[PDB]
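See structure below.
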Amino acid sequence: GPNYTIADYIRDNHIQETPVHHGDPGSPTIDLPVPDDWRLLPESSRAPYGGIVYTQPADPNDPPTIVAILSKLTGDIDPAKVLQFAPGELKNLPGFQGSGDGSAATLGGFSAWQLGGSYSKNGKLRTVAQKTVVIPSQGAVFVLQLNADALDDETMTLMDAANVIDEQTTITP
Ligand SMILES: CCCCCCCCCCCCOC[C@H]1O[C@H](O[C@H]2O[C@H](CO)[C@@H](O)[C@H](O)[C@H]2O)[C@H](O)[C@@H](O)[C@@H]1O
């Protein structure tokens, strides 16, 4: 899309990006909570840093989910620019509609950005949101992204889980 993204920022600069997994030497420890009625997702192709899925979905083939990704950025990386370009990805979604570009936030004591809204996929309105947390540590900038997605009618399920995540997550570099 026409919006500059974090991926564009990485591509256009002398920045190395490497995926991070639980237990990797040199990486932060991120304790995400598992809200009630949600179940933990292990690390997989579809949940690179794990995630959570709602255990009482209206459509078991399309349940509300919050998936985590953790990346390690080294080189000519400015943590403030990661936050600056965080809204680009969602804003490029087909028919995305949200309240502006989102807002600043914090998670586990680190600076973050969150935006949410709706988009249309296969003729169905979906609620989507992304929280990006910048974690400068150990000669690198780690970037955590939490990607929430659900059918429009299950928007409140996502919002409830988000409050639990916002209040209980700890991040220790
Ligand atoms: C921690 C994991 C990630 C974070 C937790 C996940 C929480 C997700 C909650 C996200 C709910 C965000 O959606 C809120 C709403 O945004 C848009 O409306 C807003 O923007 C429109 C165009 O500017 C205005 O016309 C509307 O008045 C204004 O409400 C969509 O059109 C709505 O359909 C959607 O409901």
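The way I read the labels, and the way they are meant: chains A, B, ... in the order of the structure tokens, residue 1 as the first residue of every chain, and ligand 1 as the first ligand shown, with later ones counted on from there.
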
**Q.** Contacts to ligand 1 at 9 Å cut-off (only C-alpha atoms and all ligand atoms) as a PyMOL selection string
**A.** chain A and resi 66-68+96-100+114-119+125-132+145-150+152+155-166

Give me a file of those residues, with C-alpha atoms, as a short mmCIF file (atom, residue, chain, number, x, y, z; two decimals), in the first residue's frame.
data_model
loop_
_atom_site.label_atom_id
_atom_site.label_comp_id
_atom_site.auth_asym_id
_atom_site.auth_seq_id
_atom_site.Cartn_x
_atom_site.Cartn_y
_atom_site.Cartn_z
CA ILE A 66 -3.87 -12.80 19.19
CA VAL A 67 -0.54 -13.86 17.67
CA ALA A 68 2.91 -12.66 18.70
CA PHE A 96 -8.94 -0.70 6.44
CA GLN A 97 -10.88 1.84 8.49
CA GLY A 98 -9.69 3.03 11.88
CA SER A 99 -9.55 6.05 14.16
CA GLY A 100 -6.51 7.83 12.80
CA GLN A 114 -1.27 0.45 19.10
CA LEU A 115 -3.82 0.87 16.37
CA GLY A 116 -6.98 -1.00 15.56
CA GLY A 117 -9.88 -0.91 13.19
CA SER A 118 -11.86 -2.96 10.72
CA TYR A 119 -11.17 -4.36 7.27
CA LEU A 125 -15.90 -7.37 8.23
CA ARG A 126 -13.04 -8.21 10.59
CA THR A 127 -11.64 -6.40 13.61
CA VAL A 128 -7.85 -6.14 13.49
CA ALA A 129 -5.34 -4.48 15.76
CA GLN A 130 -1.61 -4.42 16.24
CA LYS A 131 0.48 -3.42 19.23
CA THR A 132 4.15 -2.83 18.47
CA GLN A 145 4.20 -7.25 17.55
CA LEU A 146 0.88 -8.52 18.86
CA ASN A 147 -1.57 -9.06 16.00
CA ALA A 148 -5.23 -9.42 16.99
CA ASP A 149 -7.89 -10.59 14.54
CA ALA A 150 -11.52 -11.63 14.86
CA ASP A 152 -16.61 -8.18 13.64
CA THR A 155 -14.78 -7.57 18.66
CA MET A 156 -15.43 -7.45 22.41
CA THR A 157 -13.64 -10.77 22.91
CA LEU A 158 -10.46 -9.19 21.52
CA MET A 159 -10.87 -6.06 23.64
CA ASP A 160 -11.27 -8.08 26.85
CA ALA A 161 -8.10 -10.05 26.11
CA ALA A 162 -6.21 -6.84 25.32
CA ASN A 163 -6.87 -5.42 28.79
CA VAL A 164 -5.42 -8.57 30.38
CA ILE A 165 -2.34 -8.31 28.16
CA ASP A 166 -1.87 -4.60 28.86
#

Q.
Quick check for you: according to DSSP on this backbone, which residues of range 5-171 of chain A are classed as alpha helix (DSSP H)? Reply as a ChimeraX atom specification.
A. /A:6-11,79-85,88-91,155-168

Saved selection, atoms kept: N, CA and C atoms, as a short mmCIF file (atom, residue, chain, number, x, y, z; two decimals), in the first residue's frame:
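Resulting contents of part_8.cif:
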data_model
loop_
_atom_site.label_atom_id
_atom_site.label_comp_id
_atom_site.auth_asym_id
_atom_site.auth_seq_id
_atom_site.Cartn_x
_atom_site.Cartn_y
_atom_site.Cartn_z
N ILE A 6 7.14 -0.62 8.81
CA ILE A 6 8.37 -1.03 9.48
C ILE A 6 9.21 -1.89 8.54
N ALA A 7 8.56 -2.76 7.76
CA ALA A 7 9.29 -3.58 6.80
C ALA A 7 10.00 -2.71 5.77
N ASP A 8 9.34 -1.65 5.30
CA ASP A 8 10.00 -0.73 4.37
C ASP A 8 11.20 -0.07 5.04
N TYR A 9 11.03 0.36 6.29
CA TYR A 9 12.12 0.99 7.02
C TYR A 9 13.32 0.06 7.14
N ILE A 10 13.08 -1.22 7.44
CA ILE A 10 14.16 -2.19 7.54
C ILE A 10 14.83 -2.38 6.18
N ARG A 11 14.02 -2.53 5.13
CA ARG A 11 14.56 -2.78 3.80
C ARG A 11 15.43 -1.62 3.31
N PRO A 79 15.11 3.21 17.42
CA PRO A 79 13.86 2.66 17.98
C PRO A 79 12.67 3.58 17.80
N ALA A 80 12.89 4.90 17.79
CA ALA A 80 11.78 5.82 17.61
C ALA A 80 11.17 5.71 16.22
N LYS A 81 11.97 5.38 15.20
CA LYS A 81 11.42 5.26 13.86
C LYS A 81 10.57 4.00 13.73
N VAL A 82 10.88 2.94 14.48
CA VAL A 82 10.03 1.76 14.46
C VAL A 82 8.63 2.12 14.91
N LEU A 83 8.52 2.87 16.00
CA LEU A 83 7.22 3.33 16.48
C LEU A 83 6.56 4.25 15.46
N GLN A 84 7.34 5.14 14.85
CA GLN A 84 6.78 6.07 13.88
C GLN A 84 6.08 5.35 12.73
N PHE A 85 6.64 4.24 12.27
CA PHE A 85 6.12 3.54 11.10
C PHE A 85 5.23 2.36 11.45
N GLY A 88 1.77 1.79 9.59
CA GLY A 88 1.72 1.63 8.15
C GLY A 88 1.09 0.32 7.71
N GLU A 89 1.44 -0.78 8.38
CA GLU A 89 1.01 -2.10 7.93
C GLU A 89 -0.51 -2.22 7.93
N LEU A 90 -1.15 -1.95 9.07
CA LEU A 90 -2.60 -2.06 9.14
C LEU A 90 -3.27 -1.10 8.17
N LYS A 91 -2.73 0.12 8.05
CA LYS A 91 -3.35 1.10 7.16
C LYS A 91 -3.31 0.66 5.70
N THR A 155 -15.69 -8.66 18.33
CA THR A 155 -14.78 -7.57 18.66
C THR A 155 -14.54 -7.48 20.16
N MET A 156 -15.59 -7.62 20.97
CA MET A 156 -15.43 -7.45 22.41
C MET A 156 -14.54 -8.52 23.01
N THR A 157 -14.54 -9.73 22.43
CA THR A 157 -13.64 -10.77 22.91
C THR A 157 -12.18 -10.34 22.79
N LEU A 158 -11.82 -9.71 21.67
CA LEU A 158 -10.46 -9.19 21.52
C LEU A 158 -10.17 -8.11 22.56
N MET A 159 -11.12 -7.18 22.74
CA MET A 159 -10.87 -6.06 23.64
C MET A 159 -10.67 -6.54 25.08
N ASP A 160 -11.45 -7.53 25.51
CA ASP A 160 -11.27 -8.08 26.85
C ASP A 160 -9.87 -8.67 27.01
N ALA A 161 -9.43 -9.45 26.03
CA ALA A 161 -8.10 -10.05 26.11
C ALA A 161 -7.01 -8.99 26.12
N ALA A 162 -7.22 -7.89 25.40
CA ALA A 162 -6.21 -6.84 25.32
C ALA A 162 -5.97 -6.21 26.68
N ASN A 163 -7.03 -5.99 27.46
CA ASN A 163 -6.87 -5.42 28.79
C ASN A 163 -6.00 -6.32 29.67
N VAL A 164 -6.24 -7.63 29.61
CA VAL A 164 -5.42 -8.57 30.38
C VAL A 164 -3.96 -8.46 29.97
N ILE A 165 -3.71 -8.41 28.66
CA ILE A 165 -2.34 -8.31 28.16
C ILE A 165 -1.70 -7.00 28.61
N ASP A 166 -2.44 -5.90 28.52
CA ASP A 166 -1.87 -4.60 28.86
C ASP A 166 -1.48 -4.52 30.32
N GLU A 167 -2.22 -5.19 31.20
CA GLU A 167 -2.01 -5.02 32.64
C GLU A 167 -1.07 -6.05 33.25
N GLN A 168 -0.90 -7.22 32.62
CA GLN A 168 -0.14 -8.31 33.23
C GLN A 168 1.16 -8.65 32.51
#

Q | Which residue of A:154, A:43, A:12, A:76 approaches residue 57 in chain A most closely, using only C-alpha atoms | A | A:154

Q: Check the DSSP output for the backbone and give back, as a PyMOL selection string, the residues of range 103-164 of chain A in strand (DSSP E or B).
A: chain A and resi 103-107+110-121+124-137+140-151

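Relative to CA of residue 71 in chain A, CA of residue 27 in chain A is found at 9.5 Å.
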
Q. So which residues touch residue 121 in chain A within 10 Å, counting only C-alpha atoms, skipping near sequence neighbours fewer than 5 positions away, as a VMD selection string?
A. chain A and resid 93 to 95 126 151

Q) Looking at only C-alpha atoms, which of A:64, A:31, A:87, A:53 is the one that sits closest to residue 2 in chain A? A) A:87

(Q) Need to verify the contact set: residue 37 in chain A, 10 Å, only C-alpha atoms, exclusion of same-chain residues closer than 2 positions in sequence. Can you return it as a ChimeraX atom specification? (A) /A:34-35,39,52-56,157,161

Q. Counting only C-alpha atoms, what is within 9 Å of residue 77 in chain A, bar same-chain residues fewer than 5 positions away, as a list in words?
A.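 After dropping sequence-adjacent residues, the list is residues 10, 13, 14, 15, 16, 82, 140 and 141 of chain A.
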